[PDB]
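> Contents of structure_18.pdb (PDB, C-alpha atoms and all ligand atoms) are below:
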MODEL        1
ATOM      1  CA  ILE A   1      67.409  -7.108 -20.979  1.00  0.00           C
ATOM      2  CA  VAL A   2      67.507 -10.071 -18.530  1.00  0.00           C
ATOM      3  CA  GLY A   3      64.228 -11.833 -17.772  1.00  0.00           C
ATOM      4  CA  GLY A   4      62.339  -9.956 -20.496  1.00  0.00           C
ATOM      5  CA  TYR A   5      60.288 -10.922 -23.496  1.00  0.00           C
ATOM      6  CA  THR A   6      60.540 -10.449 -27.235  1.00  0.00           C
ATOM      7  CA  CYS A   7      58.728  -7.142 -27.867  1.00  0.00           C
ATOM      8  CA  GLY A   8      57.406  -7.880 -31.332  1.00  0.00           C
ATOM      9  CA  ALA A   9      58.663  -6.106 -34.382  1.00  0.00           C
ATOM     10  CA  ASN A  10      58.239  -2.351 -34.361  1.00  0.00           C
ATOM     11  CA  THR A  11      55.963  -2.336 -31.285  1.00  0.00           C
ATOM     12  CA  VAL A  12      58.426   0.100 -29.630  1.00  0.00           C
ATOM     13  CA  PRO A  13      58.709   2.519 -32.577  1.00  0.00           C
ATOM     14  CA  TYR A  14      60.721   5.194 -30.655  1.00  0.00           C
ATOM     15  CA  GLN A  15      63.494   2.697 -29.799  1.00  0.00           C
ATOM     16  CA  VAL A  16      66.707   3.340 -31.769  1.00  0.00           C
ATOM     17  CA  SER A  17      69.963   1.414 -32.006  1.00  0.00           C
ATOM     18  CA  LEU A  18      73.202   3.404 -32.010  1.00  0.00           C
ATOM     19  CA  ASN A  19      75.741   1.828 -34.337  1.00  0.00           C
ATOM     20  CA  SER A  20      79.443   2.432 -34.741  1.00  0.00           C
ATOM     21  CA  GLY A  21      80.053  -0.612 -36.916  1.00  0.00           C
ATOM     22  CA  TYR A  22      78.044  -2.663 -34.438  1.00  0.00           C
ATOM     23  CA  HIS A  23      75.148  -1.980 -32.037  1.00  0.00           C
ATOM     24  CA  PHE A  24      76.486  -0.441 -28.876  1.00  0.00           C
ATOM     25  CA  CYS A  25      73.647   1.416 -27.089  1.00  0.00           C
ATOM     26  CA  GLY A  26      69.978   2.286 -27.339  1.00  0.00           C
ATOM     27  CA  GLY A  27      68.274   5.663 -27.576  1.00  0.00           C
ATOM     28  CA  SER A  28      64.822   7.193 -27.944  1.00  0.00           C
ATOM     29  CA  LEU A  29      63.527   9.220 -30.840  1.00  0.00           C
ATOM     30  CA  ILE A  30      61.944  12.418 -29.387  1.00  0.00           C
ATOM     31  CA  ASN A  31      61.152  14.114 -32.741  1.00  0.00           C
ATOM     32  CA  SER A  32      62.066  13.656 -36.351  1.00  0.00           C
ATOM     33  CA  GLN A  33      65.570  15.177 -35.877  1.00  0.00           C
ATOM     34  CA  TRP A  34      66.680  14.200 -32.310  1.00  0.00           C
ATOM     35  CA  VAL A  35      67.486  11.190 -30.169  1.00  0.00           C
ATOM     36  CA  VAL A  36      67.911  11.058 -26.402  1.00  0.00           C
ATOM     37  CA  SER A  37      70.506   8.587 -25.086  1.00  0.00           C
ATOM     38  CA  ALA A  38      72.969   8.199 -22.160  1.00  0.00           C
ATOM     39  CA  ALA A  39      76.075  10.412 -22.062  1.00  0.00           C
ATOM     40  CA  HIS A  40      78.103   7.288 -21.265  1.00  0.00           C
ATOM     41  CA  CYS A  41      77.102   6.034 -24.743  1.00  0.00           C
ATOM     42  CA  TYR A  42      79.045   8.897 -26.364  1.00  0.00           C
ATOM     43  CA  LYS A  43      81.230   7.808 -29.318  1.00  0.00           C
ATOM     44  CA  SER A  44      82.303   9.841 -32.313  1.00  0.00           C
ATOM     45  CA  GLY A  45      80.932   8.447 -35.639  1.00  0.00           C
ATOM     46  CA  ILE A  46      77.451   7.233 -34.593  1.00  0.00           C
ATOM     47  CA  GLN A  47      74.824   6.044 -37.079  1.00  0.00           C
ATOM     48  CA  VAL A  48      71.269   6.041 -35.729  1.00  0.00           C
ATOM     49  CA  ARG A  49      69.205   3.023 -36.767  1.00  0.00           C
ATOM     50  CA  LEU A  50      65.456   3.458 -36.553  1.00  0.00           C
ATOM     51  CA  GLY A  51      62.689   0.984 -37.388  1.00  0.00           C
ATOM     52  CA  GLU A  52      64.848  -1.951 -36.176  1.00  0.00           C
ATOM     53  CA  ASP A  53      63.703  -5.250 -34.902  1.00  0.00           C
ATOM     54  CA  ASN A  54      66.509  -7.773 -35.766  1.00  0.00           C
ATOM     55  CA  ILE A  55      69.661  -5.590 -35.681  1.00  0.00           C
ATOM     56  CA  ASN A  56      71.560  -8.194 -37.776  1.00  0.00           C
ATOM     57  CA  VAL A  57      69.038  -8.517 -40.654  1.00  0.00           C
ATOM     58  CA  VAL A  58      67.805  -5.741 -42.945  1.00  0.00           C
ATOM     59  CA  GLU A  59      64.035  -6.498 -42.766  1.00  0.00           C
ATOM     60  CA  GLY A  60      62.691  -3.516 -44.716  1.00  0.00           C
ATOM     61  CA  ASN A  61      61.437  -0.930 -42.250  1.00  0.00           C
ATOM     62  CA  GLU A  62      64.777   0.555 -41.105  1.00  0.00           C
ATOM     63  CA  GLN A  63      66.013   4.092 -41.556  1.00  0.00           C
ATOM     64  CA  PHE A  64      69.789   4.483 -41.148  1.00  0.00           C
ATOM     65  CA  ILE A  65      70.768   8.109 -40.553  1.00  0.00           C
ATOM     66  CA  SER A  66      74.213   9.385 -39.520  1.00  0.00           C
ATOM     67  CA  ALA A  67      74.436  11.670 -36.505  1.00  0.00           C
ATOM     68  CA  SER A  68      75.523  15.205 -37.320  1.00  0.00           C
ATOM     69  CA  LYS A  69      76.017  16.376 -33.707  1.00  0.00           C
ATOM     70  CA  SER A  70      76.112  14.857 -30.306  1.00  0.00           C
ATOM     71  CA  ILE A  71      75.647  17.017 -27.107  1.00  0.00           C
ATOM     72  CA  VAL A  72      76.570  15.419 -23.758  1.00  0.00           C
ATOM     73  CA  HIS A  73      74.897  17.141 -20.816  1.00  0.00           C
ATOM     74  CA  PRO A  74      76.988  20.075 -19.595  1.00  0.00           C
ATOM     75  CA  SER A  75      77.153  18.595 -16.066  1.00  0.00           C
ATOM     76  CA  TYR A  76      77.700  14.977 -17.009  1.00  0.00           C
ATOM     77  CA  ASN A  77      80.060  13.287 -14.521  1.00  0.00           C
ATOM     78  CA  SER A  78      81.318   9.992 -16.009  1.00  0.00           C
ATOM     79  CA  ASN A  79      82.603   8.857 -12.577  1.00  0.00           C
ATOM     80  CA  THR A  80      79.217   8.917 -10.820  1.00  0.00           C
ATOM     81  CA  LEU A  81      77.042   8.931 -13.941  1.00  0.00           C
ATOM     82  CA  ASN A  82      75.227  11.963 -12.566  1.00  0.00           C
ATOM     83  CA  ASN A  83      73.455  13.668 -15.507  1.00  0.00           C
ATOM     84  CA  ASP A  84      73.859  10.628 -17.746  1.00  0.00           C
ATOM     85  CA  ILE A  85      72.044  12.086 -20.765  1.00  0.00           C
ATOM     86  CA  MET A  86      73.039  13.067 -24.257  1.00  0.00           C
ATOM     87  CA  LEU A  87      71.246  14.440 -27.309  1.00  0.00           C
ATOM     88  CA  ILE A  88      72.065  13.216 -30.818  1.00  0.00           C
ATOM     89  CA  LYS A  89      70.989  15.232 -33.866  1.00  0.00           C
ATOM     90  CA  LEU A  90      70.324  13.320 -37.083  1.00  0.00           C
ATOM     91  CA  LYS A  91      71.881  14.589 -40.326  1.00  0.00           C
ATOM     92  CA  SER A  92      68.411  14.471 -41.949  1.00  0.00           C
ATOM     93  CA  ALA A  93      64.981  14.070 -40.445  1.00  0.00           C
ATOM     94  CA  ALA A  94      63.513  10.645 -40.042  1.00  0.00           C
ATOM     95  CA  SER A  95      60.320   9.840 -41.942  1.00  0.00           C
ATOM     96  CA  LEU A  96      57.847   9.285 -39.193  1.00  0.00           C
ATOM     97  CA  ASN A  97      55.445   6.398 -39.732  1.00  0.00           C
ATOM     98  CA  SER A  98      53.828   3.509 -37.929  1.00  0.00           C
ATOM     99  CA  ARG A  99      57.200   1.829 -37.279  1.00  0.00           C
ATOM    100  CA  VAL A 100      59.344   4.965 -36.638  1.00  0.00           C
ATOM    101  CA  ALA A 101      57.746   7.337 -34.180  1.00  0.00           C
ATOM    102  CA  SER A 102      58.668   9.801 -31.459  1.00  0.00           C
ATOM    103  CA  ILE A 103      58.042   9.482 -27.750  1.00  0.00           C
ATOM    104  CA  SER A 104      56.754  12.364 -25.701  1.00  0.00           C
ATOM    105  CA  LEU A 105      58.893  14.095 -23.072  1.00  0.00           C
ATOM    106  CA  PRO A 106      57.298  14.212 -19.613  1.00  0.00           C
ATOM    107  CA  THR A 107      55.510  17.002 -17.881  1.00  0.00           C
ATOM    108  CA  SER A 108      55.696  15.532 -14.468  1.00  0.00           C
ATOM    109  CA  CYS A 109      58.102  13.153 -12.936  1.00  0.00           C
ATOM    110  CA  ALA A 110      56.812   9.536 -12.698  1.00  0.00           C
ATOM    111  CA  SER A 111      55.702   8.111  -9.390  1.00  0.00           C
ATOM    112  CA  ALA A 112      57.261   5.248  -7.251  1.00  0.00           C
ATOM    113  CA  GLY A 113      55.351   2.096  -7.990  1.00  0.00           C
ATOM    114  CA  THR A 114      54.586   2.961 -11.638  1.00  0.00           C
ATOM    115  CA  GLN A 115      55.244   0.143 -14.076  1.00  0.00           C
ATOM    116  CA  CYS A 116      57.401   1.210 -17.031  1.00  0.00           C
ATOM    117  CA  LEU A 117      58.494  -0.438 -20.287  1.00  0.00           C
ATOM    118  CA  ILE A 118      62.294  -0.815 -20.688  1.00  0.00           C
ATOM    119  CA  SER A 119      63.667  -2.121 -23.962  1.00  0.00           C
ATOM    120  CA  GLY A 120      66.904  -2.902 -25.770  1.00  0.00           C
ATOM    121  CA  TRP A 121      69.289  -5.288 -27.509  1.00  0.00           C
ATOM    122  CA  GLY A 122      71.525  -5.768 -24.442  1.00  0.00           C
ATOM    123  CA  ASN A 123      72.689  -8.918 -22.705  1.00  0.00           C
ATOM    124  CA  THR A 124      70.014 -11.329 -21.631  1.00  0.00           C
ATOM    125  CA  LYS A 125      72.046 -13.175 -18.998  1.00  0.00           C
ATOM    126  CA  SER A 126      72.736 -12.179 -15.340  1.00  0.00           C
ATOM    127  CA  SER A 127      75.681 -14.589 -15.299  1.00  0.00           C
ATOM    128  CA  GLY A 128      77.411 -14.749 -18.575  1.00  0.00           C
ATOM    129  CA  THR A 129      76.670 -13.458 -22.079  1.00  0.00           C
ATOM    130  CA  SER A 130      74.073 -13.700 -24.746  1.00  0.00           C
ATOM    131  CA  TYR A 131      73.050 -10.841 -26.975  1.00  0.00           C
ATOM    132  CA  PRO A 132      69.774 -11.090 -28.763  1.00  0.00           C
ATOM    133  CA  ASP A 133      69.279  -9.963 -32.302  1.00  0.00           C
ATOM    134  CA  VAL A 134      65.622  -8.988 -31.844  1.00  0.00           C
ATOM    135  CA  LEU A 135      64.423  -6.251 -29.470  1.00  0.00           C
ATOM    136  CA  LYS A 136      63.651  -7.300 -25.903  1.00  0.00           C
ATOM    137  CA  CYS A 137      61.221  -5.695 -23.516  1.00  0.00           C
ATOM    138  CA  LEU A 138      60.667  -5.675 -19.743  1.00  0.00           C
ATOM    139  CA  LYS A 139      58.017  -4.160 -17.524  1.00  0.00           C
ATOM    140  CA  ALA A 140      59.567  -2.961 -14.282  1.00  0.00           C
ATOM    141  CA  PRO A 141      58.254  -0.743 -11.467  1.00  0.00           C
ATOM    142  CA  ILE A 142      59.907   2.404 -10.216  1.00  0.00           C
ATOM    143  CA  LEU A 143      61.250   1.875  -6.671  1.00  0.00           C
ATOM    144  CA  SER A 144      61.044   4.372  -3.839  1.00  0.00           C
ATOM    145  CA  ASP A 145      63.948   6.787  -3.438  1.00  0.00           C
ATOM    146  CA  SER A 146      64.641   5.271  -0.010  1.00  0.00           C
ATOM    147  CA  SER A 147      64.851   1.760  -1.363  1.00  0.00           C
ATOM    148  CA  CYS A 148      67.130   2.968  -4.266  1.00  0.00           C
ATOM    149  CA  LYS A 149      69.497   4.690  -1.828  1.00  0.00           C
ATOM    150  CA  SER A 150      69.583   1.679   0.475  1.00  0.00           C
ATOM    151  CA  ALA A 151      70.605  -0.484  -2.519  1.00  0.00           C
ATOM    152  CA  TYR A 152      73.400   1.875  -3.591  1.00  0.00           C
ATOM    153  CA  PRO A 153      74.528   3.817  -0.529  1.00  0.00           C
ATOM    154  CA  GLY A 154      76.352   7.061  -1.301  1.00  0.00           C
ATOM    155  CA  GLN A 155      75.698   6.740  -5.037  1.00  0.00           C
ATOM    156  CA  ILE A 156      72.149   7.867  -5.926  1.00  0.00           C
ATOM    157  CA  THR A 157      71.581  11.508  -6.868  1.00  0.00           C
ATOM    158  CA  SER A 158      68.251  13.360  -7.381  1.00  0.00           C
ATOM    159  CA  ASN A 159      68.893  12.825 -11.157  1.00  0.00           C
ATOM    160  CA  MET A 160      68.570   9.021 -10.806  1.00  0.00           C
ATOM    161  CA  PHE A 161      65.842   6.556  -9.970  1.00  0.00           C
ATOM    162  CA  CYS A 162      65.812   2.791  -9.516  1.00  0.00           C
ATOM    163  CA  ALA A 163      63.435   0.443 -11.225  1.00  0.00           C
ATOM    164  CA  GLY A 164      63.177  -3.351 -11.168  1.00  0.00           C
ATOM    165  CA  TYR A 165      62.951  -6.137  -8.712  1.00  0.00           C
ATOM    166  CA  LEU A 166      65.015  -6.543  -5.540  1.00  0.00           C
ATOM    167  CA  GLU A 167      64.653 -10.373  -5.702  1.00  0.00           C
ATOM    168  CA  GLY A 168      66.719 -10.312  -8.935  1.00  0.00           C
ATOM    169  CA  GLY A 169      65.994 -12.056 -12.262  1.00  0.00           C
ATOM    170  CA  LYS A 170      64.662  -9.088 -14.283  1.00  0.00           C
ATOM    171  CA  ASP A 171      66.654  -5.984 -15.299  1.00  0.00           C
ATOM    172  CA  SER A 172      68.259  -4.042 -18.094  1.00  0.00           C
ATOM    173  CA  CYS A 173      71.917  -4.848 -18.844  1.00  0.00           C
ATOM    174  CA  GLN A 174      75.047  -4.030 -20.887  1.00  0.00           C
ATOM    175  CA  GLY A 175      74.050  -2.975 -24.369  1.00  0.00           C
ATOM    176  CA  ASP A 176      70.655  -1.614 -23.217  1.00  0.00           C
ATOM    177  CA  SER A 177      72.377   1.619 -22.019  1.00  0.00           C
ATOM    178  CA  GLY A 178      70.901   4.785 -23.424  1.00  0.00           C
ATOM    179  CA  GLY A 179      67.554   3.172 -24.202  1.00  0.00           C
ATOM    180  CA  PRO A 180      64.114   4.130 -22.988  1.00  0.00           C
ATOM    181  CA  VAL A 181      62.197   3.693 -19.771  1.00  0.00           C
ATOM    182  CA  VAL A 182      58.599   4.690 -20.739  1.00  0.00           C
ATOM    183  CA  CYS A 183      55.981   5.177 -18.063  1.00  0.00           C
ATOM    184  CA  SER A 184      52.428   6.448 -18.766  1.00  0.00           C
ATOM    185  CA  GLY A 185      53.407   6.824 -22.383  1.00  0.00           C
ATOM    186  CA  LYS A 186      56.284   9.316 -21.773  1.00  0.00           C
ATOM    187  CA  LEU A 187      60.058   8.986 -21.616  1.00  0.00           C
ATOM    188  CA  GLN A 188      60.842   9.010 -17.921  1.00  0.00           C
ATOM    189  CA  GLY A 189      64.166   7.210 -17.810  1.00  0.00           C
ATOM    190  CA  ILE A 190      67.360   6.308 -19.688  1.00  0.00           C
ATOM    191  CA  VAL A 191      69.132   3.003 -19.060  1.00  0.00           C
ATOM    192  CA  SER A 192      72.204   4.179 -17.112  1.00  0.00           C
ATOM    193  CA  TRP A 193      73.836   1.722 -14.661  1.00  0.00           C
ATOM    194  CA  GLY A 194      73.540  -0.976 -12.031  1.00  0.00           C
ATOM    195  CA  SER A 195      75.767  -3.471 -10.232  1.00  0.00           C
ATOM    196  CA  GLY A 196      75.789  -6.422 -12.610  1.00  0.00           C
ATOM    197  CA  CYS A 197      72.399  -7.206 -14.099  1.00  0.00           C
ATOM    198  CA  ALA A 198      69.383  -8.760 -12.420  1.00  0.00           C
ATOM    199  CA  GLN A 199      71.287  -9.500  -9.174  1.00  0.00           C
ATOM    200  CA  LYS A 200      69.464  -9.566  -5.871  1.00  0.00           C
ATOM    201  CA  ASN A 201      69.255  -6.139  -4.111  1.00  0.00           C
ATOM    202  CA  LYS A 202      70.940  -4.358  -7.088  1.00  0.00           C
ATOM    203  CA  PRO A 203      68.099  -2.903  -9.240  1.00  0.00           C
ATOM    204  CA  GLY A 204      68.666  -0.858 -12.358  1.00  0.00           C
ATOM    205  CA  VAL A 205      69.503   2.806 -12.066  1.00  0.00           C
ATOM    206  CA  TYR A 206      68.092   5.207 -14.625  1.00  0.00           C
ATOM    207  CA  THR A 207      68.616   8.849 -15.545  1.00  0.00           C
ATOM    208  CA  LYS A 208      65.569  10.893 -14.397  1.00  0.00           C
ATOM    209  CA  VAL A 209      64.490  12.485 -17.687  1.00  0.00           C
ATOM    210  CA  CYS A 210      61.914  14.818 -16.103  1.00  0.00           C
ATOM    211  CA  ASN A 211      64.824  16.839 -14.613  1.00  0.00           C
ATOM    212  CA  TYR A 212      66.163  17.513 -18.159  1.00  0.00           C
ATOM    213  CA  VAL A 213      63.184  18.662 -20.141  1.00  0.00           C
ATOM    214  CA  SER A 214      64.066  22.361 -20.020  1.00  0.00           C
ATOM    215  CA  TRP A 215      67.657  21.616 -21.103  1.00  0.00           C
ATOM    216  CA  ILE A 216      66.425  19.335 -23.895  1.00  0.00           C
ATOM    217  CA  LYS A 217      63.904  21.934 -25.144  1.00  0.00           C
ATOM    218  CA  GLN A 218      66.364  24.831 -25.125  1.00  0.00           C
ATOM    219  CA  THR A 219      69.066  22.812 -26.729  1.00  0.00           C
ATOM    220  CA  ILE A 220      66.860  21.548 -29.603  1.00  0.00           C
ATOM    221  CA  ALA A 221      65.566  25.136 -30.106  1.00  0.00           C
ATOM    222  CA  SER A 222      69.161  26.257 -30.582  1.00  0.00           C
ATOM    223  CA  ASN A 223      70.844  23.439 -32.672  1.00  0.00           C
TER
HETATM  224 CA    CA B 301      67.137  -4.830 -39.040  1.00  0.00          CA
ENDMDL
END
Using structure tokens, write down the structure from this file.


Amino acid sequence: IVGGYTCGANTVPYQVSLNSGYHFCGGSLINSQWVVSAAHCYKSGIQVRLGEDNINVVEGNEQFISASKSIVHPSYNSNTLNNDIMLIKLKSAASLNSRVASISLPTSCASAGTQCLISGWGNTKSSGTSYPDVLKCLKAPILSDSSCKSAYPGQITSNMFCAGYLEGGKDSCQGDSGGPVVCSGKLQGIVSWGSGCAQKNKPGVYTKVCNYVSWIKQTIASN
């Protein structure tokens, strides 16, 4: 997250870190057994880390639970990142509590102009590299479809939306991928892609979770 703020420990209790020996992506806990993340975060051998604030210190509220199954969307296209969504099943259910909690799936799609909370342990620099240990947060508005398409001509599908600031300075970034975009208390987006981070005219692009709720509900009813 570039141009964000330190969230505060466990203030984003649905945020997970995906670990394969190291943090590599975020995700969102949607019930005690299942995480939503980006399909481009697929790796074999994932451990889900819940209750994290500093990902490099065991502070006492974590739950570390191996994935048993990962399910990339059936129409995921890794070239365009259309349908950039994955489900991860945990080997055992998380213990839900004040620090480890699920986020609701949406009923309606969020509106242009709505301010959403984006979070993660990704890079904090637009130019260069610095990865934080503690979770970072950013409030960013959803941009109009027209503005999104103008920013990325020929690249935005109806399963994507842009959020952020066209002047630059504030965005998600590498290492935030797969994490949550929460608007009106529901999971509306997944950190997916963007040209660089926090560059002028190149806002973040996010998977439009409201298009996937029926797939998510039938898949978790079946696995
Ligand atoms: Ca920790």

> Looking at all atoms listed in the file, which of A:31, A:21, A:15, A:45 is the one that sits closest to residue A:62?

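When distances to residue A:62 are compared using all atoms listed in the file, the smallest one comes from A:15.
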
> Please enumerate the residues selected by the PyMOL selection byres (((not hetatm)) within 9 of (chain B and resi 301)) when evaluated against the supplied file, formatted as a compact mmCIF listing (two decimals) with C-alpha atoms, keeping the file's coordinate frame.


# COMPACT_ATOMS: atom_id res chain seq x y z
CA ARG A 49 69.20 3.02 -36.77
CA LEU A 50 65.46 3.46 -36.55
CA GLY A 51 62.69 0.98 -37.39
CA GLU A 52 64.85 -1.95 -36.18
CA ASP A 53 63.70 -5.25 -34.90
CA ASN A 54 66.51 -7.77 -35.77
CA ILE A 55 69.66 -5.59 -35.68
CA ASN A 56 71.56 -8.19 -37.78
CA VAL A 57 69.04 -8.52 -40.65
CA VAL A 58 67.81 -5.74 -42.94
CA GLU A 59 64.04 -6.50 -42.77
CA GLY A 60 62.69 -3.52 -44.72
CA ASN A 61 61.44 -0.93 -42.25
CA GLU A 62 64.78 0.56 -41.10
CA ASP A 133 69.28 -9.96 -32.30
CA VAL A 134 65.62 -8.99 -31.84

> What are the closest atom pairs, with distances in Å to one decimal, for each residue of stretch 76-174 of chain A lying within 6 Å of stretch 203-219 of chain A, using all atoms listed in the file, rows by chain and rising residue number, as a tab-separated table?


residue	atom	partner	partner_atom	distance
A:84	CA	A:207	CA	6.0
A:106	CA	A:210	CA	5.8
A:109	CA	A:210	CA	5.2
A:159	CA	A:208	CA	5.0
A:160	CA	A:207	CA	4.7
A:161	CA	A:206	CA	5.3
A:162	CA	A:205	CA	4.5
A:163	CA	A:204	CA	5.5
A:164	CA	A:203	CA	5.3

> Closest to residue A:188 among A:104, A:80, A:68, A:33, using all atoms listed in the file?

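For residue A:188, the nearest of the candidates is A:104.
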
> Go through the shown structure with the PyMOL selection byres (((chain A and resi 22) around 10) and not hetatm) and write out the matching residues as JSON, numbers by chain.

{"A": [17, 18, 19, 20, 21, 23, 24, 25, 46, 47, 55, 56]}

> Place a sphere of radius 10 Å on (71.5, -12.2, -22.6) in the file coordinates and name every protein, DNA or RNA residue with an atom inside or on its surface, counting all atoms listed in the file; give the answer as a list in words.

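These residues have at least one counted atom within 10 Å: residues 1, 2, 3, 4, 121, 122, 123, 124, 125, 126, 127, 128, 129, 130, 131, 132, 136, 172, 173, 174, 175 and 197 of chain A.
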
> Write to file, as a PDB file, keeping the file's coordinate frame, the residues of the selection just made, with C-alpha atoms.


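In the end it all went to out-v5.pdb:
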ATOM      1  CA  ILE A   1      67.409  -7.108 -20.979  1.00  0.00           C
ATOM      2  CA  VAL A   2      67.507 -10.071 -18.530  1.00  0.00           C
ATOM      3  CA  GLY A   3      64.228 -11.833 -17.772  1.00  0.00           C
ATOM      4  CA  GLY A   4      62.339  -9.956 -20.496  1.00  0.00           C
ATOM      5  CA  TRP A 121      69.289  -5.288 -27.509  1.00  0.00           C
ATOM      6  CA  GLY A 122      71.525  -5.768 -24.442  1.00  0.00           C
ATOM      7  CA  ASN A 123      72.689  -8.918 -22.705  1.00  0.00           C
ATOM      8  CA  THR A 124      70.014 -11.329 -21.631  1.00  0.00           C
ATOM      9  CA  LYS A 125      72.046 -13.175 -18.998  1.00  0.00           C
ATOM     10  CA  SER A 126      72.736 -12.179 -15.340  1.00  0.00           C
ATOM     11  CA  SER A 127      75.681 -14.589 -15.299  1.00  0.00           C
ATOM     12  CA  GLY A 128      77.411 -14.749 -18.575  1.00  0.00           C
ATOM     13  CA  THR A 129      76.670 -13.458 -22.079  1.00  0.00           C
ATOM     14  CA  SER A 130      74.073 -13.700 -24.746  1.00  0.00           C
ATOM     15  CA  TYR A 131      73.050 -10.841 -26.975  1.00  0.00           C
ATOM     16  CA  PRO A 132      69.774 -11.090 -28.763  1.00  0.00           C
ATOM     17  CA  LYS A 136      63.651  -7.300 -25.903  1.00  0.00           C
ATOM     18  CA  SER A 172      68.259  -4.042 -18.094  1.00  0.00           C
ATOM     19  CA  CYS A 173      71.917  -4.848 -18.844  1.00  0.00           C
ATOM     20  CA  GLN A 174      75.047  -4.030 -20.887  1.00  0.00           C
ATOM     21  CA  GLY A 175      74.050  -2.975 -24.369  1.00  0.00           C
ATOM     22  CA  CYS A 197      72.399  -7.206 -14.099  1.00  0.00           C
TER      23      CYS A 197
END

> Running the PyMOL selection byres (((chain A and resi 100) around 8) and not hetatm) on this model by hand, what would come out? Give it as a list in words.

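On the file shown, the PyMOL selection byres (((chain A and resi 100) around 8) and not hetatm) covers residues 10, 13, 14, 50, 51, 94, 95, 96, 97, 98, 99, 101 and 102 of chain A.
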
> Nearest to residue A:115 among A:222, A:184, A:79, A:11, with distances taken over all atoms listed in the file: which residue is it?

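Looking only at the distances to residue A:115, the closest residue turns out to be A:184.
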
> Quick check, in Å to one decimal: how far apart do atom CA of residue A:73 and atom CA of residue A:138 lie?

26.9 Å

> Write stretch 162-177 of chain A as a tab-separated table (two decimals), keeping the file's coordinate frame, completed to N, CA and C atoms.


chain	number	residue	atom	x	y	z
A	162	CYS	N	65.70	4.27	-9.31
A	162	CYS	CA	65.81	2.79	-9.52
A	162	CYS	C	64.52	2.27	-9.98
A	163	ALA	N	64.62	1.19	-10.81
A	163	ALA	CA	63.44	0.44	-11.22
A	163	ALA	C	63.84	-1.00	-11.34
A	164	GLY	N	62.87	-1.90	-11.08
A	164	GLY	CA	63.18	-3.35	-11.17
A	164	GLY	C	62.69	-4.06	-9.99
A	165	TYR	N	63.43	-5.13	-9.65
A	165	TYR	CA	62.95	-6.14	-8.71
A	165	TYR	C	64.10	-6.47	-7.79
A	166	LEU	N	63.90	-6.28	-6.48
A	166	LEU	CA	65.02	-6.54	-5.54
A	166	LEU	C	65.30	-8.03	-5.44
A	167	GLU	N	64.37	-8.92	-5.79
A	167	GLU	CA	64.65	-10.37	-5.70
A	167	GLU	C	65.62	-10.79	-6.79
A	168	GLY	N	65.81	-9.92	-7.80
A	168	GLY	CA	66.72	-10.31	-8.94
A	168	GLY	C	65.90	-10.95	-10.06
A	169	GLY	N	66.60	-11.24	-11.16
A	169	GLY	CA	65.99	-12.06	-12.26
A	169	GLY	C	65.52	-11.23	-13.43
A	170	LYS	N	65.21	-9.91	-13.22
A	170	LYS	CA	64.66	-9.09	-14.28
A	170	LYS	C	65.31	-7.75	-14.23
A	171	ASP	N	65.95	-7.32	-15.32
A	171	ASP	CA	66.65	-5.98	-15.30
A	171	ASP	C	67.08	-5.65	-16.69
A	172	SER	N	67.49	-4.41	-16.90
A	172	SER	CA	68.26	-4.04	-18.09
A	172	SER	C	69.75	-4.45	-17.85
A	173	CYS	N	70.56	-4.34	-18.93
A	173	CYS	CA	71.92	-4.85	-18.84
A	173	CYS	C	72.79	-4.18	-19.87
A	174	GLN	N	74.09	-4.58	-19.90
A	174	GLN	CA	75.05	-4.03	-20.89
A	174	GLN	C	74.44	-4.14	-22.26
A	175	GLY	N	74.60	-3.05	-23.00
A	175	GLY	CA	74.05	-2.98	-24.37
A	175	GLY	C	72.65	-2.37	-24.44
A	176	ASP	N	71.93	-2.33	-23.29
A	176	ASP	CA	70.66	-1.61	-23.22
A	176	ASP	C	70.89	-0.11	-22.94
A	177	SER	N	72.10	0.24	-22.44
A	177	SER	CA	72.38	1.62	-22.02
A	177	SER	C	71.93	2.61	-23.08
